[PDB]
Number of protein chains: 4
Amino acid sequence: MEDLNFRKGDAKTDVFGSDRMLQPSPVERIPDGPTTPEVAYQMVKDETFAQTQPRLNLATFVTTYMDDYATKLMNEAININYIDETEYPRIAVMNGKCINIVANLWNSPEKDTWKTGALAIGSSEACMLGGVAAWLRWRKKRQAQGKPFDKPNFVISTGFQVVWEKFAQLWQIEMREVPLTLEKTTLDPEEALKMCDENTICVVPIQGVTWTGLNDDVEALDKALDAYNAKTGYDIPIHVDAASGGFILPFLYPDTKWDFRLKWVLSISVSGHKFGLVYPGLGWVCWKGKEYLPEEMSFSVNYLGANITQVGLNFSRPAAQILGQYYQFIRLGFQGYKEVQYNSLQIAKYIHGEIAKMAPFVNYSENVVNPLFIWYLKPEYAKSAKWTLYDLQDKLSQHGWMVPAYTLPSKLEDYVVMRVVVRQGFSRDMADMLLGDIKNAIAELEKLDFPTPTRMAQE
Amino acid sequence: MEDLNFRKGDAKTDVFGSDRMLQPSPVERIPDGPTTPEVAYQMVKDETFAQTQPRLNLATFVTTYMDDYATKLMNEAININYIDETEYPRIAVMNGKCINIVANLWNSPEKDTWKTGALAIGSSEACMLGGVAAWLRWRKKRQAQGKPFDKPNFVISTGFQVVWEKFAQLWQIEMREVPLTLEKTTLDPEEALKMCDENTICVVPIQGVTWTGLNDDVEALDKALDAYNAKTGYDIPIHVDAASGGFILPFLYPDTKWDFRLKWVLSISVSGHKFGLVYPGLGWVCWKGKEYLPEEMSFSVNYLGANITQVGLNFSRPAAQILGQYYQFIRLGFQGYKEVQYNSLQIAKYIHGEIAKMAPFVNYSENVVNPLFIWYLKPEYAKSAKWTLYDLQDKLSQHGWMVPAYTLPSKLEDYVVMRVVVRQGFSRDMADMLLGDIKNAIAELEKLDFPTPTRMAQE
Amino acid sequence: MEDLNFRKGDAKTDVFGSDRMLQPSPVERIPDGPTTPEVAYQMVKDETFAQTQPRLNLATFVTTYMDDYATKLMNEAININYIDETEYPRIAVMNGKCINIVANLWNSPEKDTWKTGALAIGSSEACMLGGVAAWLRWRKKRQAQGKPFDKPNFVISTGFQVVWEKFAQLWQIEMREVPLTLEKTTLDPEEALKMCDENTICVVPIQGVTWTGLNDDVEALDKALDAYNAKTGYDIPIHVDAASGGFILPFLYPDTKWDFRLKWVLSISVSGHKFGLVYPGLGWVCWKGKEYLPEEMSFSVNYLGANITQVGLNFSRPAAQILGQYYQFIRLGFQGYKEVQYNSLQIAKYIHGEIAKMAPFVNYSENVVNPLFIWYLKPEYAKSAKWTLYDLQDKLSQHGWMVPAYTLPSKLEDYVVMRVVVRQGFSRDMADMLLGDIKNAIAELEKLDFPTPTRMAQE
Amino acid sequence: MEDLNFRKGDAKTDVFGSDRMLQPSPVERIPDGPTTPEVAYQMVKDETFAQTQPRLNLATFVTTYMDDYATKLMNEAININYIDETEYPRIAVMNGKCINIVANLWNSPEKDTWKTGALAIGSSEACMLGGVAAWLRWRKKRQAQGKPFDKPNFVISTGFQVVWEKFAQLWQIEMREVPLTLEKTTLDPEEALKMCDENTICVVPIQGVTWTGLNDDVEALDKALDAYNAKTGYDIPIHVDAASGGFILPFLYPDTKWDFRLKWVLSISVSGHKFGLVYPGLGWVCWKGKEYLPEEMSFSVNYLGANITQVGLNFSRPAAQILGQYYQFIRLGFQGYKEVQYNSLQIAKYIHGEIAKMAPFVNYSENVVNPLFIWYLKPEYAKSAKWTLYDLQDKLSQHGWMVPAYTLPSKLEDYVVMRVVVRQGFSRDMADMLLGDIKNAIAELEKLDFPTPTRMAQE
């Protein structure tokens, strides 16, 4: 009863009694022939085991949990190309309804029913589209005045997200960075303006700074930008990079003036897949009105009634994320959103509060305004300590966590900090697991008689 | 046994005996409060019924079928953010292996084990990244020569896919279009050269032109650019937009010199989610070597050994499409890919042959090189016909198909054609289903006594 | 539409917007009231994320992969209480058919159709059942001869699995251990016989020693015990603890004389859940014939014809694993089992060969007879290195592996070794992944300028 | 279009058009080669159809129903070996948390955070572990006092579950059984005490006697045992075999003192998979304090802070049952458990009352204290009846029920009784199916002209 092709991949072959599972995966060239689907599935699946478990990834801001209906909903949409809007005009309409809802979340004064906005893969695309719009708006002002427009720049805090370094690099637009200090933990409006000139296309406050977890004060900047634009006539605008906070501020902090309520906030961008609560692949950008979207980068198409804006860097793309975004609006609503973000912040507040009680630690800030915060070693403690926050990160890696240690950006670069992000799906109970794992590692590390490699590099 | 909250949304509630399902979906603002997951899932799902089923969308080139193992793998990766490479370094390595495999498919001569390329959401990003690299290469050449570099352009056929207008609009780069004429059904190299000057950053032939389904002769283009560059010193490169053909040519036409075998072909881009056989959300771009990627737009990070380039427009994004791509390479191999593309081309060739037999129709081309073709009305027949191909498109929409009718681009705008794309999952049995519907629809239209409005628009 | 009970747990509540997920899991007392299944599901599952993935668990010998049909079969049997043999007699018959097949794998000469054996949860119970049978056989001999029977002992290598320490402690039986040396790396028969006397109830050679991965030579042991029994007539028997080797030897080493072919081997025990290819919860013990199972610890019941032995320490228990074993026998057969174990041995040999090429390491043994081996630091190298294999373990923990470092048992307690177990579901591709992670970890460790904590204790 | 290998097992083979499904399943030897998973799935699955459906198995005490989340949780945990606690430490702690919760459910006064207990496969192992602990405690005292300790005994009711017969036989410990009469239907305490002496290691009252369903009065035993210990200094303890009642009494009878509230209750054991509501494979044992567990049979290892004791007969084993238990604690809580068991008791109370209304029947007790009871034929009716309860069992088997008839133990062995066990998943609606089928089967049995064989066997 011998099967002569049992190792070669027939209907009886066992994945791990086959010749294929005795060979390495392709690195350089495509294989000559096929295998059975089971062999191929394992080979790809098994490479995914040896890396961080997503729910334990505390570095990332991007959603790692959705409920079962949203996941079923999105999985079913796996083969739907959004850009085929004529074929799928209900999704095109859904897309516009999401833009409407988001724009209203930001107190947009636009009176068109179909609000001026666009779908994105993340804040990267959403940021870049707003940046190009401000770029084209500035170019067009300068020309009507006969001024040159061949050396454009923009202003941002040094605590920028890497998309703004791409934007500058990919459009050859100059980035001017406002450094961080212990006295100035967010973008100082006065320092930003000193870096502006006739060539500044916008200033970029950040709500939910990735390095620190804080919010640039946009209202102070708007009030400060107003007197300066009245002083210069440069007509410099604000683009708010709200990658995270754009889904925090509306629910937990309703009265904070940071959005389209403000005179100079002409556009905002956000990551739906962060605290908008949708699996990877979603971003949004909105303009205050149709007049802030240049015709050169945009057209609108009428599908079943909805004026749908056609601006975007990507073309064909997954549609599931729109199903996910609309589901979340309906399933949760405002109250529902308020409670989940409430949970996340309380947990971040809980961890923050317990971390400060520990001997080696001091928090970067006394206020947690986003479900994340950073801290560092007490300067006194680090002087005689034999370990760094890079070392604790390793200790936590042995238990499946990822909690990143990194040096801060300009004028605080001597500070090695650690960040914790609390997403939907990280419970109080999981917080207790992490804190327990931390206390243990401090004990192991406090046993050291010799300095770790990171600690020696710091000397 | 009365349940007092039956209509308000409790555990006993029926979705379609609820007060909420007597209400319309939110259009402008987020709902104040929540509903149950069943209600919210139905509300969003039910809107997707009233549009084309993806398997019957013959307008699109983008994948609507993958096997059950590829789908499961990808559904399981729904919460995996590609960009978290420190946290998921095995997927980052996997990503680099796909780039190697693709770049070798295109006969890259690069000697690195880690080939120079970048992941994309589709050809949209893939194209833009090649265009910016070509843009930066030109700026530095011209600076080094003391030449100006403030009025750049690029050259392309009028049958361009809209991403290049996006590129032109979003970088303020002049787009020069070579019309389609009756002499050549594709880009003529000599006419393309007449549109070049010292400001031309690249020329872009298309493999799998969306309007027609044919291939610009790149070797013929490559041979002329060689004589033109030696005349001018303009040193103009070729970027091949192979959104579809990049996954057709290597398998069915290996002897055709169109890729990195050509001297002036410095970069190629492809849509992984079209004929790379992967669900929406994948593109790839490759450079001929490390030196053709400008230092300004890219850096390398070493994960587990692999030199992984960190260039991209997007940041956080789904990783599932990477798992799918690597799966197909292993599950299919070269032979596996070869036979699947063979099926798709035969079925398209079959339909092509059947369309020519029908009295009203004649094909744009007698050579079918990609799994799609276009045709139009015999002029004699169209002169006395009371209907147009827009009418046939409508007749077929009533059976759930979407087969698009459209006018050709410049110098052929008088031709209203209809296109059929043959993707994986469209069988010979489905070809016969569609054809039967054409014969039926032709017969119904020939009974007409009066001209259709589109027919009136043609007089 | 505010849901006043959204946070308290109604039909609309989101899991991570609930009060419950602001609370830690119960530690001391049961919660006073209930929650919804979703919350409770999450609270339990989420605690399991922060630990080793089984497929990367290289410490364990126990099965971590079964195919999709085997999983479905067993999962559907979750609610079947095996001990209810009257209610579920077909499973009662099936279990006896497994025992027949296993005992025939061990070349039992028993001529009964229904071979003499028992179901076990693992080698622990299987070993314990054989040991008590040998205890009772000895009591009855000594009683029959007028000799005393109150001070029993048995003999085993120090490389024993902890079950025999439980056995000695829970029945108050003296354990006699033969130490390991580099000259005598498995149980030495001569030394083993020196520990026998009138009270020695049996000797336990081990096939698949957990500490080393080697097989005690049972043929050499049987031949000496034969001569010693001929000297004394003490009639001392052998129970083979073949926890791992029992599912290796019949297939890869059929000519190796280790089983019921040997005169004094009267019982054998094996773990089905190790290399029998069944998920946790299976062990087997067989005796050479009915006369070696005392009536005092067993009875027979005839279910549908099968004379079924009623021996065991456990009573009610999952039945699914019996379905799994029988599925494995049928789905694979002999050829099938041979090729699966060949893969794991080939892969284990591959790693063994690769480890020896590395400068810091020396393999404990040049022979790989089971899919596991151990190695340790070259003594010359360990002298000047600042790190130990315990450090290597921690390094591999940060990439998700568990590869255990430990000191060997008696007279080799100075050797810190590391072990790797290659189970079904661990491929050549995963070997390379692990191998890469080691090459990497050694280099980071060799940069140390100070000794690690474990290295200081070694001085 | 002939497939030449269709019957031999290729990709086209139908299971029941194959050669293999023309052959019998292996009985003696493992097959030479493999088959496809479908065939092997059918072959093993199909043998399970011809036996009692678990939900209709009224003999068993062991759980046959769990909700959908508990099932999935456990099913996903199929590949987790609990014993790998260093590899899966969150489960080791979870396990420790279950022990605490149970011990507190039994009102332990132990002052450690980590309560003293052990995981078990069922009451079989849990009992043996309590039994060995009591054995070693007595042995050590008698040594300290210079008395002998080679003739140990224990005291129990004849209504013991067979594990105590394994225990007595397998440890060579004397069992003294207190008989059942109609006057003493449970363990008589005074009779238990008269059988105690300096060699008695413990007394074992049973909560939920399997034969009858009643509770030995443990408080009465404790009260008498106190006076007897005060007189003798024999220091004799109580171990409660609470296989079922340990999960009934705390919830439905919280004020009945049977647990660690009693001075001499030093250990209690329970079946998690009976009325703990968990699928097969779960038991628990607890001691009143650390000093009642002998160091010779136990050690502790610190996992993440939790001191986890390492006592047990089993070694590797499924961990999935720990998740189910922990899930049940959180999902249900005290109120949740209270209502589920209340449902089970009411339904048994219902049937108990309905059995009494029937002419041939008399209930063993007027008390239903656990969700099970027994009854037998009215002696007046049984003298002239042509049938026995063995006949009633057979008739109901023709409808899929298993309702066991069996003789009671000593001094009631001439009594043939039938028992009905009501588990979770047995509804009032299912009670009504069963009662009807009995009335029908009784009507059929009373039509008999001749006695059944069992009826003759009683004459």
# chains A, B, ... in the order shown; residues from 1 in each chain; ligands from 1
call {"tool": "residues_around", "arguments": {"residues": "range 50-58 of chain A", "least_positions_apart": "3", "cutoff": "7 Å", "atoms": "only C-alpha atoms", "output": "number ranges by chain"}}
result
A: 47, 64, 400-403, 420-422; B: 80, 87-90; C: 399-400
call {"tool": "interface_residues", "arguments": {"of": "chain B", "to": "chain C", "cutoff": "12 Å", "atoms": "only C-alpha atoms", "output": "number ranges by chain"}}
result
B: 5-6, 8-14, 19-20, 30-40, 86-90, 93, 303-306
call {"tool": "atom_distance", "arguments": {"atom1": "CA of residue 26 in chain B", "atom2": "CA of residue 337 in chain A"}}
result
15.6 Å
call {"tool": "calpha_fit_rmsd", "arguments": {"fixed": "chain D", "moving": "chain A"}}
result
0.4 Å
call {"tool": "atom_distance", "arguments": {"atom1": "CA of residue 197 in chain B", "atom2": "CA of residue 154 in chain B"}}
result
9.5 Å
call {"tool": "residues_around", "arguments": {"residues": "range 116-123 of chain B", "least_positions_apart": "5", "cutoff": "6 Å", "atoms": "only C-alpha atoms", "output": "ChimeraX atom specification"}}
result
/B:99,243,270-271,281-287,290
call {"tool": "write_last_selection", "arguments": {"atoms": "N, CA and C atoms", "output": "JSON list (two decimals), in the first residue's frame"}}
result
[["chain", "number", "residue", "atom", "x", "y", "z"],
["B", 99, "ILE", "N", 10.47, 41.36, -3.55],
["B", 99, "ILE", "CA", 11.16, 42.28, -4.43],
["B", 99, "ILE", "C", 12.28, 41.57, -5.18],
["B", 243, "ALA", "N", 1.79, 47.78, -15.33],
["B", 243, "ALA", "CA", 0.79, 47.49, -14.31],
["B", 243, "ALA", "C", 0.23, 46.08, -14.47],
["B", 270, "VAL", "N", 4.64, 47.68, -11.44],
["B", 270, "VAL", "CA", 3.60, 46.69, -11.70],
["B", 270, "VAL", "C", 2.55, 46.73, -10.59],
["B", 271, "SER", "N", 1.34, 46.33, -10.94],
["B", 271, "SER", "CA", 0.25, 46.15, -9.99],
["B", 271, "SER", "C", 0.25, 44.69, -9.60],
["B", 281, "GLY", "N", -4.70, 46.01, -3.06],
["B", 281, "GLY", "CA", -3.79, 46.64, -2.12],
["B", 281, "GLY", "C", -2.31, 46.33, -2.31],
["B", 282, "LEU", "N", -1.88, 46.01, -3.53],
["B", 282, "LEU", "CA", -0.49, 45.65, -3.78],
["B", 282, "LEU", "C", 0.03, 46.21, -5.10],
["B", 283, "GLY", "N", 1.20, 46.85, -5.04],
["B", 283, "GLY", "CA", 1.95, 47.21, -6.22],
["B", 283, "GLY", "C", 3.43, 47.04, -5.94],
["B", 284, "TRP", "N", 4.22, 47.01, -7.02],
["B", 284, "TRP", "CA", 5.67, 46.89, -6.88],
["B", 284, "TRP", "C", 6.33, 47.81, -7.89],
["B", 285, "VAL", "N", 7.46, 48.40, -7.50],
["B", 285, "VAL", "CA", 8.34, 49.14, -8.40],
["B", 285, "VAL", "C", 9.76, 48.65, -8.15],
["B", 286, "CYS", "N", 10.56, 48.56, -9.23],
["B", 286, "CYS", "CA", 11.96, 48.14, -9.15],
["B", 286, "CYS", "C", 12.83, 49.07, -9.97],
["B", 287, "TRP", "N", 14.06, 49.29, -9.48],
["B", 287, "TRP", "CA", 15.10, 50.03, -10.19],
["B", 287, "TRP", "C", 16.16, 49.08, -10.71],
["B", 290, "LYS", "N", 21.20, 49.88, -7.62],
["B", 290, "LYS", "CA", 21.16, 50.77, -6.46],
["B", 290, "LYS", "C", 21.37, 52.22, -6.88]]
call {"tool": "select_by_dssp", "arguments": {"residues": "range 12-226 of chain B", "states": "helix (DSSP H, G or I)", "output": "ChimeraX atom specification"}}
result
/B:15-17,20-22,37-46,54-56,68-76,89-105,123-145,163-171,189-193,218-226
call {"tool": "select_by_dssp", "arguments": {"residues": "range 264-362 of chain B", "states": "strand (DSSP E or B)", "output": "ChimeraX atom specification"}}
result
/B:265-270,283-287,300-303,306-309,318,361-362
call {"tool": "write_last_selection", "arguments": {"atoms": "N, CA and C atoms", "output": "mmCIF file, in the first residue's frame"}}
result
data_model
loop_
_atom_site.group_PDB
_atom_site.id
_atom_site.type_symbol
_atom_site.label_atom_id
_atom_site.label_comp_id
_atom_site.auth_asym_id
_atom_site.auth_seq_id
_atom_site.Cartn_x
_atom_site.Cartn_y
_atom_site.Cartn_z
ATOM 1 N N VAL B 265 16.128 51.129 -19.764
ATOM 2 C CA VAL B 265 15.086 50.772 -18.811
ATOM 3 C C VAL B 265 15.730 50.783 -17.433
ATOM 4 N N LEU B 266 15.515 51.865 -16.696
ATOM 5 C CA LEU B 266 16.096 51.984 -15.374
ATOM 6 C C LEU B 266 15.099 51.690 -14.274
ATOM 7 N N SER B 267 13.806 51.635 -14.578
ATOM 8 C CA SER B 267 12.832 51.252 -13.571
ATOM 9 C C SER B 267 11.551 50.788 -14.248
ATOM 10 N N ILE B 268 10.877 49.856 -13.566
ATOM 11 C CA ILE B 268 9.651 49.197 -14.008
ATOM 12 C C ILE B 268 8.714 49.181 -12.810
ATOM 13 N N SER B 269 7.411 49.337 -13.053
ATOM 14 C CA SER B 269 6.415 49.232 -11.995
ATOM 15 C C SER B 269 5.281 48.309 -12.429
ATOM 16 N N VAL B 270 4.635 47.683 -11.444
ATOM 17 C CA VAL B 270 3.597 46.690 -11.697
ATOM 18 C C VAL B 270 2.552 46.730 -10.585
ATOM 19 N N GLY B 283 1.199 46.850 -5.037
ATOM 20 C CA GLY B 283 1.953 47.206 -6.221
ATOM 21 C C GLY B 283 3.434 47.040 -5.943
ATOM 22 N N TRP B 284 4.221 47.010 -7.015
ATOM 23 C CA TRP B 284 5.668 46.889 -6.882
ATOM 24 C C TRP B 284 6.326 47.808 -7.893
ATOM 25 N N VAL B 285 7.458 48.402 -7.500
ATOM 26 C CA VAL B 285 8.341 49.137 -8.399
ATOM 27 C C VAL B 285 9.763 48.648 -8.150
ATOM 28 N N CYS B 286 10.561 48.559 -9.227
ATOM 29 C CA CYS B 286 11.958 48.138 -9.153
ATOM 30 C C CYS B 286 12.833 49.073 -9.968
ATOM 31 N N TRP B 287 14.060 49.293 -9.481
ATOM 32 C CA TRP B 287 15.096 50.034 -10.189
ATOM 33 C C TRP B 287 16.162 49.081 -10.713
ATOM 34 N N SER B 300 18.115 52.533 3.997
ATOM 35 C CA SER B 300 18.084 51.099 4.196
ATOM 36 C C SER B 300 18.056 50.818 5.685
ATOM 37 N N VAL B 301 17.281 49.814 6.072
ATOM 38 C CA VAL B 301 17.322 49.288 7.428
ATOM 39 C C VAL B 301 17.559 47.790 7.293
ATOM 40 N N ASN B 302 18.493 47.267 8.088
ATOM 41 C CA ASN B 302 18.843 45.850 8.073
ATOM 42 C C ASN B 302 17.981 45.146 9.104
ATOM 43 N N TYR B 303 17.059 44.321 8.626
ATOM 44 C CA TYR B 303 16.247 43.475 9.482
ATOM 45 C C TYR B 303 16.662 42.029 9.237
ATOM 46 N N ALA B 306 18.504 41.217 5.928
ATOM 47 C CA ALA B 306 17.991 41.756 4.674
ATOM 48 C C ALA B 306 18.118 43.272 4.622
ATOM 49 N N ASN B 307 18.769 43.790 3.569
ATOM 50 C CA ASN B 307 18.754 45.230 3.307
ATOM 51 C C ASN B 307 17.377 45.605 2.777
ATOM 52 N N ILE B 308 16.575 46.268 3.606
ATOM 53 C CA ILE B 308 15.205 46.616 3.249
ATOM 54 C C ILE B 308 15.124 48.113 3.065
ATOM 55 N N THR B 309 14.712 48.514 1.868
ATOM 56 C CA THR B 309 14.564 49.922 1.550
ATOM 57 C C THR B 309 13.303 50.484 2.184
ATOM 58 N N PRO B 318 -1.931 47.635 5.380
ATOM 59 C CA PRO B 318 -2.079 46.183 5.521
ATOM 60 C C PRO B 318 -0.846 45.439 5.036
ATOM 61 N N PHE B 361 -19.808 43.773 -34.993
ATOM 62 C CA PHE B 361 -18.589 44.063 -34.250
ATOM 63 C C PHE B 361 -17.349 43.814 -35.096
ATOM 64 N N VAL B 362 -16.312 44.606 -34.849
ATOM 65 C CA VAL B 362 -14.988 44.342 -35.404
ATOM 66 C C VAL B 362 -13.940 44.756 -34.378
#
call {"tool": "residues_around", "arguments": {"residues": "residue 77 in chain C", "least_positions_apart": "4", "cutoff": "12 Å", "atoms": "only C-alpha atoms", "output": "mmCIF file with N, CA and C atoms, in the first residue's frame"}}
result
data_model
loop_
_atom_site.group_PDB
_atom_site.id
_atom_site.type_symbol
_atom_site.label_atom_id
_atom_site.label_comp_id
_atom_site.auth_asym_id
_atom_site.auth_seq_id
_atom_site.Cartn_x
_atom_site.Cartn_y
_atom_site.Cartn_z
ATOM 1 N N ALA C 70 -7.672 16.162 11.343
ATOM 2 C CA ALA C 70 -7.426 15.649 12.684
ATOM 3 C C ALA C 70 -7.897 16.630 13.745
ATOM 4 N N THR C 71 -7.710 17.935 13.514
ATOM 5 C CA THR C 71 -8.152 18.925 14.499
ATOM 6 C C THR C 71 -9.669 18.943 14.609
ATOM 7 N N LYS C 72 -10.350 18.951 13.457
ATOM 8 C CA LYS C 72 -11.814 18.955 13.405
ATOM 9 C C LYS C 72 -12.398 17.730 14.104
ATOM 10 N N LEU C 73 -11.887 16.545 13.767
ATOM 11 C CA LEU C 73 -12.314 15.311 14.431
ATOM 12 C C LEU C 73 -12.252 15.442 15.942
ATOM 13 N N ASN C 81 -16.924 11.750 27.114
ATOM 14 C CA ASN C 81 -16.226 11.209 28.269
ATOM 15 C C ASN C 81 -15.846 9.762 27.981
ATOM 16 N N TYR C 82 -14.551 9.527 27.755
ATOM 17 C CA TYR C 82 -14.107 8.203 27.353
ATOM 18 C C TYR C 82 -14.585 7.133 28.317
ATOM 19 N N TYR C 88 -20.496 4.784 25.101
ATOM 20 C CA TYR C 88 -19.704 4.992 23.895
ATOM 21 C C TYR C 88 -18.831 3.766 23.639
ATOM 22 N N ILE C 91 -15.949 3.741 20.718
ATOM 23 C CA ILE C 91 -14.688 4.326 21.148
ATOM 24 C C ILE C 91 -13.959 3.370 22.077
ATOM 25 N N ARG C 317 -12.235 11.368 31.331
ATOM 26 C CA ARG C 317 -11.139 12.013 30.622
ATOM 27 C C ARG C 317 -11.595 12.310 29.201
ATOM 28 N N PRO C 318 -10.885 13.185 28.482
ATOM 29 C CA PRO C 318 -11.236 13.429 27.078
ATOM 30 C C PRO C 318 -11.024 12.184 26.242
ATOM 31 N N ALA C 319 -11.940 11.958 25.307
ATOM 32 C CA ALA C 319 -11.803 10.857 24.371
ATOM 33 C C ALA C 319 -11.191 11.277 23.045
ATOM 34 N N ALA C 320 -11.160 12.578 22.758
ATOM 35 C CA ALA C 320 -10.748 13.062 21.447
ATOM 36 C C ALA C 320 -9.406 12.505 20.996
ATOM 37 N N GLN C 321 -8.465 12.339 21.924
ATOM 38 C CA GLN C 321 -7.107 11.953 21.550
ATOM 39 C C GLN C 321 -7.044 10.535 21.016
ATOM 40 N N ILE C 322 -8.018 9.700 21.386
ATOM 41 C CA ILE C 322 -8.109 8.359 20.831
ATOM 42 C C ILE C 322 -8.507 8.426 19.363
ATOM 43 N N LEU C 323 -9.458 9.302 19.041
ATOM 44 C CA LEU C 323 -9.808 9.536 17.644
ATOM 45 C C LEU C 323 -8.590 10.018 16.876
ATOM 46 N N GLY C 324 -7.819 10.917 17.494
ATOM 47 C CA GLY C 324 -6.654 11.463 16.828
ATOM 48 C C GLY C 324 -5.616 10.409 16.526
ATOM 49 N N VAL D 44 -12.818 7.236 10.789
ATOM 50 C CA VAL D 44 -12.822 7.351 12.243
ATOM 51 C C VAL D 44 -14.131 7.965 12.735
ATOM 52 N N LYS D 45 -14.605 9.025 12.068
ATOM 53 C CA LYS D 45 -15.830 9.712 12.482
ATOM 54 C C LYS D 45 -17.029 8.771 12.429
ATOM 55 N N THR D 48 -18.161 6.507 15.260
ATOM 56 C CA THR D 48 -18.694 7.122 16.470
ATOM 57 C C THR D 48 -20.204 7.297 16.452
ATOM 58 N N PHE D 49 -20.847 7.075 15.306
ATOM 59 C CA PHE D 49 -22.279 7.343 15.177
ATOM 60 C C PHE D 49 -23.122 6.359 16.000
ATOM 61 N N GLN D 53 -25.777 9.453 22.149
ATOM 62 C CA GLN D 53 -25.456 10.851 21.985
ATOM 63 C C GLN D 53 -25.172 11.443 23.355
ATOM 64 N N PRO D 54 -24.102 12.213 23.499
ATOM 65 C CA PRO D 54 -23.716 12.703 24.827
ATOM 66 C C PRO D 54 -24.814 13.446 25.547
ATOM 67 N N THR D 64 -21.360 17.658 29.169
ATOM 68 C CA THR D 64 -21.589 17.423 27.746
ATOM 69 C C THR D 64 -22.007 18.672 26.970
ATOM 70 N N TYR D 65 -22.150 19.830 27.630
ATOM 71 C CA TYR D 65 -22.491 21.085 26.962
ATOM 72 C C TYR D 65 -21.695 22.262 27.540
ATOM 73 N N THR D 71 -16.358 26.804 24.095
ATOM 74 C CA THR D 71 -15.923 25.758 23.174
ATOM 75 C C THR D 71 -14.755 26.221 22.310
ATOM 76 N N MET D 74 -11.503 26.731 24.206
ATOM 77 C CA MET D 74 -10.829 25.481 24.474
ATOM 78 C C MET D 74 -10.298 24.881 23.183
ATOM 79 N N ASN D 75 -11.102 24.928 22.112
ATOM 80 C CA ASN D 75 -10.669 24.373 20.834
ATOM 81 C C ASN D 75 -9.429 25.067 20.314
ATOM 82 N N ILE D 78 -6.076 23.758 21.809
ATOM 83 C CA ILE D 78 -5.899 22.315 21.712
ATOM 84 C C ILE D 78 -4.419 21.937 21.741
ATOM 85 N N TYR D 279 -15.877 20.830 30.018
ATOM 86 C CA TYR D 279 -15.724 19.615 29.227
ATOM 87 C C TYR D 279 -14.693 18.662 29.838
ATOM 88 N N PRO D 280 -14.793 17.323 29.529
ATOM 89 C CA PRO D 280 -13.918 16.311 30.148
ATOM 90 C C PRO D 280 -12.441 16.670 30.264
#
